[PDB]
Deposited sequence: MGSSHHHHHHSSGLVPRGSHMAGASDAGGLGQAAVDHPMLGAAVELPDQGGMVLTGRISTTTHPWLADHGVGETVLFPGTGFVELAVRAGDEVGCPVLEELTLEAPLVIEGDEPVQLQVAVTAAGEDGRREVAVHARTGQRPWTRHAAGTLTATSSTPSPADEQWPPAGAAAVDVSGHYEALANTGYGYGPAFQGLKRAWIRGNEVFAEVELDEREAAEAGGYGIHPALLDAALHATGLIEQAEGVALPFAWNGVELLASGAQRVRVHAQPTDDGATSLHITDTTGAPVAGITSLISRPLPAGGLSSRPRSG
């Protein structure tokens, strides 16, 4: 009704607030973030530089898909980092094309501050074509997986270069079985309190990625290309994570809640680092 009073459709999301139907046209969803209204934002980055997490673009792209009946995120490549400076407000736009005749829509995420030019930070494809989801869990912790000591894992990433403040220090337990890694990940109470409003809170899905850096440790490397991403259940505060390599050279991830019920499936996640590297 805020949005409705402007002639648009209200969106009830912590980061997106209005939907603008274009008349073939497609659709645009808009929103505004900052470290005042999303304090967890200040806890993710590279050194002193803050970066909107890759998992936030996944959350945004899936939520736009929900609005057009295309919840499956078939593909998503991340292009430019979204540097957030201080408590500057950041305008967000998620642009969704009309459906092609193959059913697929293109999705894009743009952002800017002030009147500086918009920059495209994410681009991919949305569909309603769904893959059959991975079965639910049973035995936890999984049989034959050895418990790993992550007691000081966030310090190993603190001097490697990663910038994970308290909201993104989610990894609590991990195990290794062969090339598989298992993990328990949970939000702090502050982000836990907001979690119910998201598809999957961006800080929780990011921290679900942290245990993959246990099997093979490569400097700083961040999610880059996602493939076959489906959110299965919403509002999670704590999750279990099952990560495996693909023979495509990437990582599969199957996310469940504390009862083993599916939360999220990621068919493949490629990550990449980055003149001169850091140390």
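Gaps between the deposited sequence and the modelled coordinates occur at 1-24, 48, 244, 301-306, 312, listed in sequence order.
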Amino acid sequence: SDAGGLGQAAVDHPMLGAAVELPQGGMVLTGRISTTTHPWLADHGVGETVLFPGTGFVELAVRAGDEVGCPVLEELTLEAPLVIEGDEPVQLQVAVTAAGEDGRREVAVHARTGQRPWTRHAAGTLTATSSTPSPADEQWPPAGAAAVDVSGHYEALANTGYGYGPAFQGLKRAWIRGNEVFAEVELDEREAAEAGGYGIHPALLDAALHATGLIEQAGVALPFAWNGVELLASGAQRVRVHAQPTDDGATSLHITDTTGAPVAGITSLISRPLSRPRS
From here on, numbers count along this sequence of modelled residues.
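Here the stretch with the larger average CA B-factor, out of 190-198 and 134-142, is 134-142.
The question of which stretch, 151-159 or 105-113, has the higher mean Cα B factor is settled in favour of 151-159. Residue-level inspection of the entry shows that, of 68, 46, 231, 33, 46 has the top Cα B-factor.
Ranking 75, 206, 184, 87 by the C-alpha B-factor listed in the PDB entry places 87 at the top.
Ranked against the other modelled residues of its chain, the C-alpha B-factor of residue 80 as given in the entry falls in the highest third. Among all modelled residues in its chain, residue 24 ranks in the highest third by Cα B-factor. Sort the modelled residues of the chain by CA B factor and residue 170 lands in the lowest third. Per the PDB record, residue ranking by Cα B-factor puts residue 256 in the lowest third of the chain. For residue 225, the recorded CA temperature factor ranks within the middle third of the chain's modelled residues.
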